[PDB]
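Notes follow the structure.
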Amino acid sequence: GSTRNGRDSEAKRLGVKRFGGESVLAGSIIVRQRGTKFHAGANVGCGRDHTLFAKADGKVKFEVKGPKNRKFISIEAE
Amino acid sequence: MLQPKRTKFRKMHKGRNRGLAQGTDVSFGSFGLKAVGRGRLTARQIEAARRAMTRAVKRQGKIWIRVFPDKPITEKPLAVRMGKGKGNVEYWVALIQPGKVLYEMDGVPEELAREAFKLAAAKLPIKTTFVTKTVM
Amino acid sequence: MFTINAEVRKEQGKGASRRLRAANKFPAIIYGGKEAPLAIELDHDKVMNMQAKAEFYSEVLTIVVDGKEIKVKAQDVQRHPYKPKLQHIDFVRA
RNA sequence: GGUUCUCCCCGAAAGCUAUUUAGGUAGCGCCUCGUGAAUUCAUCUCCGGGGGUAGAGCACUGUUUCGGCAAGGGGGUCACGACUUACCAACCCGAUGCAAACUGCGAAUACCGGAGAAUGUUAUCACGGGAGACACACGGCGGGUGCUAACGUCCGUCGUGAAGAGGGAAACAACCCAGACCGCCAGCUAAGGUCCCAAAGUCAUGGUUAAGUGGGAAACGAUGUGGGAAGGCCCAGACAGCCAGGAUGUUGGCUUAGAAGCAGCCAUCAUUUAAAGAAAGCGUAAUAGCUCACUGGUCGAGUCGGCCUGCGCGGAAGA
RNA sequence: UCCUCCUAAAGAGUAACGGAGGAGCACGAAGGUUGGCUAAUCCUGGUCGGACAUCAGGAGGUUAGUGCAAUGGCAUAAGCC
RNA sequence: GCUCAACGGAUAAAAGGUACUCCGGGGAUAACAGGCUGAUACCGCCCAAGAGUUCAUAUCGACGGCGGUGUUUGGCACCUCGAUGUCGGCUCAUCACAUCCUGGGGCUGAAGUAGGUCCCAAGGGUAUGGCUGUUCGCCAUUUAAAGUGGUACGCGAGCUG
RNA sequence: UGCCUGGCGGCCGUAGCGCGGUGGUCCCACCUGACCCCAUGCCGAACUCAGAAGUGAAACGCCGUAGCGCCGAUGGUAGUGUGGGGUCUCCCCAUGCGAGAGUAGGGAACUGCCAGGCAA
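Residue numbers (PDB author numbering), protein chains in the order written: chain W, 8 to 85; chain M, 1 to 136; chain V, 1 to 94.
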C-alpha cells in the first residue's frame with residue numbers, strides 16, 4: 008500500500024555544551040535550548056534562542072534558586 | 001471482546017515483556033487466579049476463559065476481571081511483501097507478567113472456586129495457579 | 001506464645017540476600033522506638049507454617065535473638081510473585 | 001576480464017553529507033610517509049556537572065475494573081401540573097492495573113571539564129605527498145519492522161571474519177580459547193577432554209536416573225522414584241476387604257396431569273437409633289431394584305490426601 | 001525542500017516505503033519602551049434570556065492564552081489593555 | 001526576475017513502443033527449482049457448553065489453546081543470468097505411512113449382514129473410457145481398492161509439443 | 001539584652017493549606033473627605049492627594065492543634081557496568097552501584113542588616 012509518515016528534521020544539536028566548572032571565555036555558548044529550561048544567572052546572558060552565553064571568562068556552576076527550583080546558570084569568576 | 005474506546009494513537013510499538021508483575025495481592029475478591037508463566041492474552045482469550053468460568057459458578061456470585069488489553073497488534077495480510085507501511089490492527093493483547101492476578105471471585109465456597117479456575121486455565125496459553133486472599 | 005528463633009545478619013545486599021534465600025531462609029528486620037534497626041536472620045520453613053494462622057498478623061510476636069527476647073508485631077511482608085514463599089518481613093519493635 | 005621478479009615495516013573501509021545519484025565521483029571520518037609542537041592523549045582514583053533512559057508511579061494527557069454518595073438519564077404511570085421508580089450513569093472519595101508520542105520521582109552506564117601516581121616506541125594535534133574505500137556479513141546487548149518467524153531487513157556499540165593462520169564444537173569464515181619472524185624428535189597451559197577409534201582417570205567420596213534418559217520438541221495427563229516442611233484418622237485400636245442394617249409417615253410442595261431418594265425453584269427440618277444425606281451416581285414414561293457412604297463384629301499395625309523440589313514416562317508420524 | 005514529538009539505547013548525532021502532524025504565510029501593529037491587570041470550566045441570584053451573550057458574588061488555580069501543527073518555556077509574565 | 005517543488009538547481013527549450021530488436025554486465029536483482037522460517041494449508045492433542053430419547057467424551061464437537069509435517073498459498077533473496085530446459089501426456093520407476101483394499105484387534109447408540117470411530121501393520125495390489133492442452137474436475141460402467149504425499153510440483157544427453 | 005512591629009535578603013512546601021485563639025499606647029491595615037496633583041476605555045473600586053474620628057470587623061503578624069500537603073530513614077525489591085552460564089521471545093551466578101513506591105518517624109520553619117515602640 009502506501010505510507011503517510013517519514014518526515015522529520017535536521018536534529019538541532021541542542022543541550023549543554025560547557026558543563027560545570029569548566030572555564031569559558033566570555034561570549035561562549037553554554038546551553039543551546041528550546042525554551043528557558045535553564046535560566047540565566049550571574050554573569051551569564053540569555054540570547055534570542057534561550058542560549059545562555061557566558062559573559063566573563065570564568066567557570067560555570069548550575070544552581071536552583073527562588074521558589075520554583077529552576078536550574079540556574081551562573082559564572083564563578085576566575 | 002474487551003476493546004478500548006478512542007485510544008490516543010492507533011498503532012504502537014512491539015515492546016518487550018521483561019520485568020515482574022504489580023497486581024500480586026488479591027484485593028477485590030477472596031480467591032484469585034494468579035499467572036505463573038510469561039506470555040500475553042489476546043482479547044478473545046479473556047472473553048473465552050470468562051464464559052467457561054462464569055457458567056461453573058452459576059450466575060449468583062461476583063467475578064472481577066483484573067486485566068485489560070489496551071495494546072494493539074498489527075498483522076500483515078496474505079501474499080503481501082515486507083515493508084510498505086505498518087500492518088492493520090486486528091486484535092488486542094494484554095502483556096502478562098509472572099505474578100499478575102487474572103481473575104478474582106467472591107461469594108462461592110473454596111471447592112467451587114477450585115474446580116472453576118481450572119476450567120478457565122485450560123483456555124489460556126499461560127500457566128496459572130490458585131491463590132487465596134491473605135491478611136495484610 | 002509465638003516464638004521465632006533468629007540470628008544476626010553479617011552480610012547484607014542483593015547478593016547476600018539471594019545466597020540466604022536459596023538455603024530455605026529469608027532475612028527480616030526489627031525496628032521501632034528509638035533504638036538501632038537490628039538485621040534479623042531466620043529460617044523460612046518455620047515462619048511459613050506460622051503465618052497460616054490468623055493470629056500471626058495480629059498478636060505480639062516473640063523473636064529470640066542473641067539470647068534476648070524482643071516483643072514485636074507484623075507490619076509489612078513481601079510475598080514472592082509466583083511461589084508460596086516469603087522474602088522479607090518488617091517487624092515493629094513494640 | 002587480465003595486469004608478469006624478490007624481501008622488510010605499517011596498515012584500512014564498506015560510514016556521514018552531496019550527487020538525473022545509488023554498482024560511479026568529491027569532501028570529511030579511517031590508512032601510510034615526512035615535518036613541527038605542548039607531563040598532548042588513553043587507562044585508574046577523587047571532585048564539579050547536565051539528564052529523564054531502564055525501573056517505578058498515576059501529580060498532568062489518555063485507557064480500564066469494583067464499591068459508596070450521586071446530579072442527569074431511563075422505562076412506565078397519571079389528569080396547565082406531575083405519583084410509583086426491576087434500569088444506564090458525569091465530578092470527587094477508597095481500591096486496582098496499562099502507555100514510544102504521560103512524568104509530582106528516578107538509576108547503572110555513557111559524555112564534558114579540573115587535580116594526582118604509574119605505564120604505554122607521542123600512542124595527541126596541525127600541515128604537506130600518496131591512497132584505497134563509500135555492496136558488508138555474523139554473535140551479544142538496546143530496539144523499529146515482520147508472525148517478539150527467517151542464515152530476513154533497517155539502526156547504536158563491541159568483538160570476529162573481511163584482511164588471522166592454530167586448538168576445540170564430527171565436518172562448519174563470522175560460536176569459545178588464542179594473534180603464526182624462522183628453526184628444534186624440549187617443557188607448561190587456556191577452551192575442550194582422559195574406555196577404544198584418538199593423546200590423556202575403566203581416579204577417590206556421597207546421591208539421582210531404568211528412560212538408551214544422556215543422545216531434539218510444549219500444553220496436558222499419570223499410586224515411576226529420591227529428598228523436605230507440615231496435617232487428618234490411629235495399638236481407649238487407623239487404612240483397603242469379609243459378614244449384618246443401609247429404612248419410616250415425604251403419592252410432601254410444582255403449572256394442582258406424575259416426577260416419588262436420585263427433573264427445575266428450594267429450604268437442605270425433625271423422630272424411631274449402633275447407624276441412613278427428604279441423596280453423589282448406577283434403574284425408570286415416574287416408582288420398583290442392584291450399591292458404598294454414616295454403624296457394629298472380624299482383623300491387625302500404620303494409612304490417606306494436598307505443597308515446593310531433582311531425575312524420569314506419554315503426547316513424539318516422511319519420504 | 002524545511003519545522004515538532006517518538007523510535008533514539010538519560011551529552012550531541014543516528015536509519016527504514018517506521019508511527020503521528022504542519023509549512024512555501026502574516027503584522028507598520030500582532031514590533032520597541034513605559035504603566036497597570038490576571039484567566040479556563042463550574043455553582044447561586046437577576047428583564048426579555050434558553051445548555052451557553054451581558055451584571056454581581058463564591059470555589060478553583062493556569063486544566064486558559066501564547067496569529068498558525070507539535071515540543072520546550074512563560075506570573076519578573078513572552079498572556080491582556 | 002526561477003511551485004530551477006526531481007527544492008545543492010545537468011538545457012532558456014524535451015513524450016512514448018519494441019513480441020523486429022541489439023551491445024557491455026548482474027544471481028549486486030525477479031520468474032521454474034533448490035535453501036532458511038512456518039503467517040497460510042493439512043494432520044494430531046488439552047478443557048468441556050451442547051447435539052445425540054435421559055447420558056459431554058458410540059459419533060460430532062462451539063468459544064479458546066497447544067503442537068507436528070514441509071504436501072498448498074505466502075516471506076527473504078543465500079547458489080544459479082561466461083544458460084540449472086518447464087505445464088500436461090507416454091515408457092520406466094523408488095521411498096514414507098498421515099492405510100484405499102486385503103490381515104490382526106478395542107469400543108459401539110455392534111441382534112446378524114451391513115456399518116461408524118480408533119490402534120498395530122507398507123508384504124502385495126491399487127481402473128477402461130466421453131470432455132478439456134490440461135494436473136484437477138463432471139459423467140457412464142466396473143472393481144476388494146480405484147489411496148495421500150516426496151523424489152528439480154521424479155523422469156525432454158528417454159520420446160512428444 | 002529580651003518581647004514586638006516595619007522595610008530589604010538566603011532558603012525555597014520539616015517552610016504550604018484548614019480549624020481555634022489573640023494583637024492596636026508604637027507600627028500596619030480598614031477607614032475619613034476629595035474643589036484641587038493624578039485618573040476611571042463608566043465608577044475615584046484601582047491609582048493619587050489632604051488628614052486621623054472610629055475599629056482590629058476584612059487583611060496581616062504571632063501561638064496552639066496533624067485534620068491534609070510535605071520531608072524521610074534501616075532493611076528488602078526492581079534495574080544495571082564487567083566476566084561466565086542456562087530447560088536462552090527470558091533468567092541466574094561472582095563483584096560494584098543502587099532506586100521508585102511503602103513503613104517506623106520527624107514535622108505548625110531557621111536566620112542576617114537597619115529603623116521605631118516597650119521593659120530593663
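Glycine included, each C-beta is placed from N, C-alpha and C at the ideal position.
Go through its chain and collect everything with a Cβ distance to residue i's Cβ below 8 Å, but skip five positions before and after it.
i: residue 50/W; result: 61, 62, 63, 65, 81, 82 and 84
i: residue 74/M; result: 11, 86, 87, 88, 89 and 90
i: residue 34/W; result: 60, 61 and 62
Is the beta carbon of residue i sitting closer than 8 Å to the one on residue j?
i: residue 35/M; j: residue 109/M; result: no
i: residue 43/M; j: residue 123/M; result: no
i: residue 88/V; j: residue 28/V; result: yes
i: residue 69/W; j: residue 46/W; result: no
i: residue 131/M; j: residue 26/M; result: yes
i: residue 105/M; j: residue 65/M; result: no
i: residue 67/M; j: residue 14/M; result: no
i: residue 30/V; j: residue 63/V; result: yes
i: residue 79/V; j: residue 24/M; result: yes
i: residue 71/M; j: residue 95/M; result: yes
i: residue 43/W; j: residue 85/M; result: no
i: residue 41/W; j: residue 21/W; result: yes
i: residue 65/V; j: residue 40/V; result: yes
Taking residue i and residue j to be in contact with their CB atoms under 8 Å, please state how far apart those CB atoms are, rounded to whole angstroms.
i: residue 7/V; j: residue 38/V; result: Not quite, the Cβ-Cβ distance comes to about 11 Å (not below 8 Å), so this is no contact.
i: residue 159/V; j: residue 47/V; result: Chain V is shown only over 1 to 94; residue 159/V falls outside these bounds and no answer can be derived.
i: residue 29/M; j: residue 125/M; result: Actually they do not touch by this definition, with Cβ atoms about 23 Å apart.
i: residue 67/W; j: residue 29/W; result: 6 Å
i: residue 201/M; j: residue 12/M; result: Absent from the model: residue 201/M. The displayed extent of chain M is 1 to 136, so no value can be given.
i: residue 69/M; j: residue 93/M; result: 6 Å
i: residue 94/V; j: residue 68/V; result: About 16 Å separates the two Cβ atoms, so there is no contact after all.
Give me the chain V residues within the contact set of residue i, using Cβ-Cβ distance strictly less than 8 Å, ordered along the chain.
i: residue 132/M; result: Those do not exist, as residue 132/M stays about 10 Å from chain V at its closest Cβ, beyond 8 Å.
i: residue 21/M; result: 81
Which chain M residues are close to residue i, counting only those with a beta carbon under 8 Å from its beta carbon?
i: residue 27/V; result: Within 8 Å Cβ-Cβ: nothing; residue 27/V doesn't reach chain M, min ~19 Å.
i: residue 9/W; result: 84 and 85
i: residue 77/V; result: 136
i: residue 6/V; result: Simply none; closest approach about 20 Å.
i: residue 74/V; result: 136
Starting from the C-beta of residue i, find all residues in its chain whose C-beta is less than 6 Å away, skip the five residues before and the five after it, and write them out in chain order.
i: residue 77/W; result: 46
i: residue 133/M; result: 26 and 30
i: residue 32/M; result: 26, 101, 104 and 131
i: residue 56/V; result: 50
i: residue 113/M; result: 31 and 105
i: residue 41/M; result: 94 and 96
Which same chain residues, not among the five before or five after residue i, have their C-beta less than 7 Å away from its C-beta?
i: residue 19/M; result: 97
In chain V, what lies closer than 9 Å to residue i by C-beta?
i: residue 98/M; result: 81 and 82
Strictly below 9 Å CB to CB, what residues from chain M border residue i?
i: residue 57/V; result: 134, 135 and 136
Starting from the beta carbon of residue i, find every residue of chain M whose beta carbon is closer than 7 Å, and list them in chain order.
i: residue 54/V; result: 135
query: Of the residues that make up the region 70-87 of chain M, which ones have a beta carbon closer than 7 Å to any beta carbon in chain W?
result: 84 and 85
task: Mind checking the region 40-66 of chain W against chain M and listing, in chain order, the residues whose C-beta falls within less than 8 Å of any C-beta there?
output: none
message: Against chain V, which members of the region 105-120 of chain M pass a CB distance test of less than 9 Å?
response: none
task: May I ask you to list, following chain order, the residues of the region 11-41 of chain M that have a beta carbon less than 8 Å from some beta carbon of chain V?
output: 20, 21, 24, 25, 34, 35 and 36
Residues from the region 15-43 of chain V in contact with chain M, defined by Cβ distance under 7 Å: none
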